[PDB]
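Close look at the chain arrangement
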Amino acid sequence: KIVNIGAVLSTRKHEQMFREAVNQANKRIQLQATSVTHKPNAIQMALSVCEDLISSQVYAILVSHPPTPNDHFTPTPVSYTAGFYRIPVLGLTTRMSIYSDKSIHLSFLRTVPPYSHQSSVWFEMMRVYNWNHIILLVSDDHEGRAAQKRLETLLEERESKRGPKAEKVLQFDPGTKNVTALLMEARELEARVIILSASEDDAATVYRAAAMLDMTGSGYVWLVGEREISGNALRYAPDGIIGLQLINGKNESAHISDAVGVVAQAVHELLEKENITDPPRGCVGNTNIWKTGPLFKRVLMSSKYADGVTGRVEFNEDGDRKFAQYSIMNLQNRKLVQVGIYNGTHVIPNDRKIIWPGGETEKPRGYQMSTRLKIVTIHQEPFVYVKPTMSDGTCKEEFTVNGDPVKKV
Amino acid sequence: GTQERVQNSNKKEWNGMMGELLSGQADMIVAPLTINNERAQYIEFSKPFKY
Amino acid sequence: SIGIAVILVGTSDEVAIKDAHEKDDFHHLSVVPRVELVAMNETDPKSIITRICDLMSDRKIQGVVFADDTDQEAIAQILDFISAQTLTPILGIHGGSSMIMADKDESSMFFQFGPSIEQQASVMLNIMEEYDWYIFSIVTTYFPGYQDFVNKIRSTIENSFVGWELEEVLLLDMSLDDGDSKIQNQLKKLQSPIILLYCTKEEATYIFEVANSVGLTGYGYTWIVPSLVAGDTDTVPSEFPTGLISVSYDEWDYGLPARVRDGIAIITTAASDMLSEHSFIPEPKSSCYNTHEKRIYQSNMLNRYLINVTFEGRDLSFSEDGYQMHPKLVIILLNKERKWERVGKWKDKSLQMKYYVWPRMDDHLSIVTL
Ligand SMILES: *[C@@H]1O[C@H](CO)[C@@H](O)[C@H](O)[C@H]1NC(C)=O
Ligand SMILES: *[C@@H]1O[C@H](CO)[C@@H](O)[C@H](O)[C@H]1NC(C)=O
Ligand SMILES: *[C@@H]1O[C@H](CO)[C@@H](O)[C@H](O)[C@H]1NC(C)=O
């Protein structure tokens, strides 16, 4: 028949681009294009969702980021609103991992991967450089908590040199100002490779206090995710910092096209199935679930698009991107560069040579054993005698029956 | 030091000096410490130095 | 002179409610609160938003309650986001509202009268007590909240003295179709006389069908479920084996204007304790469109007092989650007919039954001693 899809964007240009994209995919069951702008308030948009859906009887809606930098809520309302009728929605630039959940957002599949897996990749950079000891530094939040969950599952996935074995995690507090306390515990430990993942704004404070803390010289090694490089963070980053980028950072039309293609590849398999009951556009009238909701989602979960403008697009077990590509970028004398490229297990180095903070050109051992350790001890009668000191500060020296000096640490 | 639940949450932590070792206040327990399953779960014990 | 909105959906004794509005004594604190009722049908979210906007913009609303009659939780979630993007507290006092979401915003201010999930686990253990079923096994439906359920259960079992002997926690979901065979297999290993279930009003029918398809019937078993698979006035298919037990609260004798009085009283006493001592009162010129610029007066203090309140001797202290401290609960039983006889009352960590023994449907002997 004729099926209609909708999307919400922030550029008339990409609107015409999506129109052209569906005109082209028409070569591959007619599809009807519908699109709406965004607004500087969740109210009008939360109205527009049915204001246009009911008009169109949509079968899937596409969504991306508005000009708002954070936009932690701009993909919220449009999601669960359609969830009110099990209307599978697709997103592009939704990285903030809230939507990672299956429960709260049973009606959401994304285009890119969320920060969780871009943490997960560090496993391989650890595998190559034979590093073993890592200080994990994350903020206290749901996001950071998910990062912990992912990385811990990853490291635990070693049931078999023991490789890596994390040895501390610091519940850095969000939004704070004074930091150095935690950094002290950081310095005292025995390792150098630290992994920091936090707000794109507070890494500035972190770098400030750390450079003041002098723990940024040689021997130290860093890693970050994505948000930690850009923004004013770059204006405080010491050299040698290693950073990670996605291969398709901000390219709307690319994902738009891949999306309309994959949804065509879906609907062509959809319309040739039995019991296909149209989701009604009567959100005011109707109040039940078109079984072609979770039915639509169950059928989506098997497709494997051949090749897009972003290469092969595959979906995970939870409804998100699978097997993207990453650029292992770097900072070099206040001049960002590229160094490597990751995809899958392939971790390809390249021409330019890596550097490490302090100017060293080796791959430092990441840790040197201490030689001044501490000791605990209880007060037990024949094993550990406890006695107050003499007035001089030490305590009086005695002798056994053999007359020998008695050690009195 | 033993093990126990805390804060009426699903957190089971280690009171006492053994717990101190677990958290990073020192790196050796020289004292009349005993040996048993629970403690031997995650701490490495030297060979026994007094029976 | 605060404004308080009260909405209804469905059938209800509207006049009786408007009358019981003036049921209490608000003499000794300057509030003079206004009231404004509205009825409506069950059309859509947009209706809801439009209406709440009209109310808050019109009568200088500073707090809303809500009731309903269906079995839809999404609407609740919607209202949650409302309280998110809207700095006023909201009280889901009755109906499909009071169904418990998974969580709340770190900033939203929405609450609902009803048991927590931990409250239910606790009370059902207290009922495992009086009648001495000391061995059980549990099964779930992969609704994500289940992890908290089982964890609270185990971390209350491991500590105490009595001989809690649980066995073989099981986890099943055939969300992938035609996995039902696996179900019929994985359920065969339930040797305990007591089974516990966290499921959905939809799946449970099929689940009990398969259960009788294995042998677990009212001969030598007995089941327990939380309210989230029950409806008191509601009815159920025959697949529910007779004699099923579960737990709800005192709807059967509280779901009435007195709840409305309770809500009005609580918002009033909060407004009195917090705003008088602080001498301020957040009174937005309540827009609904163009509210992103209205957060200038961060609430940040109503919460700081909305949890420590009381009146009429009844304590209404609220916990951070969205449940209360302790609401009066009831335990009900499937009878011969499809009816829920009121069996047991519960309040203040205390359980009170109407029996000393469990009526059962022969190798079960009395025995004397000395
Ligand atoms: C942080 O606090 C320490 C003392 O705890 C103080 O010495 C230091 O100057 C403070 N720095 C910042 C950036 O707040
Ligand atoms: C997006 O990517 C496509 C190919 O992948 C390219 O043709 C186009 O110019 C890119 N546009 C932007 C803005 O990056
Ligand atoms: C609650 O309020 C009463 C009376 O105002 C006061 O005595 C009590 O300490 C308060 N408790 C809390 C937790 O605020």
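In its metadata, the entry names cryo-EM as the structure determination method and reports 4 Å as the resolution.

Per the PDB entry, chain B goes by the name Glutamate receptor ionotropic, NMDA 1 and belongs to Rattus norvegicus.

The PDB entry annotates chain A as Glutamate receptor ionotropic, NMDA 1 of Rattus norvegicus.

A few words on the overall build of chain B. Within chain B, the secondary structure is distributed over two helices and two strands. Shown N-terminal to C-terminal, the secondary structure of chain B runs as helices and strands in the order β-β-α-α. For chain B, the proportion of contacts with a sequence separation of at least 24, taken over those separated by at least 6, is 21%.

Now for the interface of chain A and chain B. Taken together, the seven residues of chain A in the interface contact ten residues of chain B. Of the residues in the side of chain A that touches chain B, the class split is four nonpolar, two polar and one charged.

Let's shift gears to the interface of chain C and chain A. Counting residues at the interface gives 15 residues for chain C, matched by 14 residues for chain A. Here the element with the most residues in the side of chain C that touches chain A is helix α3 (residues 74-85) of chain C; it accounts for three residues. Per-class residue counts for the side of chain C that touches chain A are eight nonpolar, five polar and two charged.

To continue, consider the sheet that holds strand β1 (residues 3-7) of chain C. Adjacent strands of a sheet form backbone hydrogen bonds with each other and so pair up, either parallel or antiparallel. All names here are of chain C. The five strands lie next to each other as β2-β1-β3-β4-β5, forming an open sheet whose pairing is parallel. Among the strands making up the open sheet, the edge pair consists of β2 (34-38) and β5 (110-111). Strand direction decides the pairing type here: strand β3 (residues 61-66) and strand β4 (residues 90-92), joined by three bridges, are parallel. Residue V64 lies in a different strand from β4, and its bridge partner there is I90. Along the sheet face, helix α9 (residues 257-277) touches β1, β2 and β3 and points at about 155° away from the line of β1.

Attention now moves to unusual backbone geometry. Of note, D214 of chain A is a non-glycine position whose phi angle comes to about 65°, a positive value. Inspection of the secondary structure puts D214 of chain A in the loop between α8 (203-213) and β9 (221-223). Positive phi, normally seen in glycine, also occurs at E312 of chain C, with a value near 55°. Turning to its location among the elements, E312 of chain C is positioned in the loop between β12 (310-311) and β13 (314-315).

Residues and elements named next belong to chain C. In this structure, strand β9 (residues 194-198) lies alongside strand β10 (residues 222-225), joined through three bridges in parallel fashion. Across the sheet, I195 pairs through a bridge with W223, a residue of β10. With respect to chirality, the unit in which β9 leads through helix α7 (residues 203-212) into the neighbouring parallel β10 is right-handed. By the bridge criterion, two bridges tie β10 to strand β11 (residues 245-249) in an arrangement that is parallel.

With that settled, the discussion passes to the state of the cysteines. A covalent bond between the sulfur atoms of two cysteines is what we call a disulfide. The disulfide partner of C50 of chain A is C283 of chain A, and the gap between their sulfur atoms is 2.1 Å. Shown here is the disulfide that connects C53 of chain C with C288 of chain C, its sulfur atoms set 2.0 Å apart. Taking the torsion about the S-S bond as the criterion, the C53 of chain C to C288 of chain C disulfide, at about -40°, is left-handed. Here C288 of chain C lies in the loop between α9 and α10 (303-306) and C53 of chain C lies in helix α2 (residues 45-58), a separation of 235 residues in the sequence.

Residue and element names in this part refer to chain A. If you trace the backbone, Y59 turns up in the loop between α2 (42-56) and β3 (61-63). Counting along the chain gives 42 residues from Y59 to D101, while the straight-line C-alpha distance between them is 22 Å. Other than its neighbours up to four places away in sequence, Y59 contacts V3, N4, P88, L270, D278, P279 and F296.

We now examine the sheet that holds strand β13 (residues 326-332) of chain A. Residue and element names in this part refer to chain A. Pairing in this open sheet of four strands is antiparallel, and the strands run β10-β13-β14-β15 from one edge to the other. With one partner strand each, in any of the chains shown, β10 (242-246) and β15 (346-348) form the two edges of the open sheet. Within this sheet the neighbouring strands show an average axis-to-axis angle of 30°, counted without direction. Relative to β15, strand β14 (residues 335-343) runs antiparallel, the two sharing three bridges. By the bridge assignment for β15, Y342 is matched with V347.

Right, let's get into the pairing of β2 of chain C. Residue and element names in this part refer to chain C. Alignment of β1 against β2, held across five bridges, turns out to be parallel. Among the inter-strand pairings, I4 is bridged to a residue of β2, identified as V35. In this view, the connection linking β1 to its parallel neighbour β2 by way of helix α1 (residues 14-20) has right-handed handedness.

Moving on to α9 of chain C. With 21 residues, α9 of chain C extends 30 Å between its outermost C-alpha atoms, agreeing within 8% with the 30 Å of an ideal straight helix rising 1.5 Å per residue. Directly after α9 of chain C, the chain includes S279 of chain C, whose backbone phi takes a positive value near 65°.

Thresholds applied
The numbering scheme counts residues from 1 along every chain following its written sequence, independent of the entry's numbering, with residues that lack coordinates not shown. As a convention, the first chain written is A and the first ligand written is 1, with the rest following in written order. The full assembly is larger than what is shown, and all values describe the shown chains rather than the whole. The side-chain quantities take in all heavy atoms of the structure and omit both hydrogens and water. Residues with missing side-chain atoms are left out of burial classes, side-chain pairs and their counts. Under the scheme used here, helices are H or I runs from DSSP no shorter than 4 residues and strands are E runs no shorter than 2 residues, and both carry numbers assigned from the N terminus. For this analysis, residues touch if any pair of their heavy atoms sits within 4.5 Å. Under the scheme applied, nonpolar residues are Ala, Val, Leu, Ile, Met, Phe, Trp, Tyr, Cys and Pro; charged residues are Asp, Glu, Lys and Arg; polar residues are all the others, including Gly. Should DSSP find at least two bridges between two strands, the strands are taken to pair. Every axis corresponds to a line fitted to the C-alpha atoms, with the helix fit spanning only the stretch in contact, and the corresponding angles, defined between N-to-C directions, vary from 0 to 180 degrees. A clockwise course of the path from the first strand over the helix to the second, judged with the strands pointing away from the viewer, identifies a crossover as right-handed. Two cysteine sulfur atoms make up a disulfide if the distance between them is within 2.5 Å. Multiplying 1.5 Å by the residue count of a helix minus one yields the expected span of that helix.

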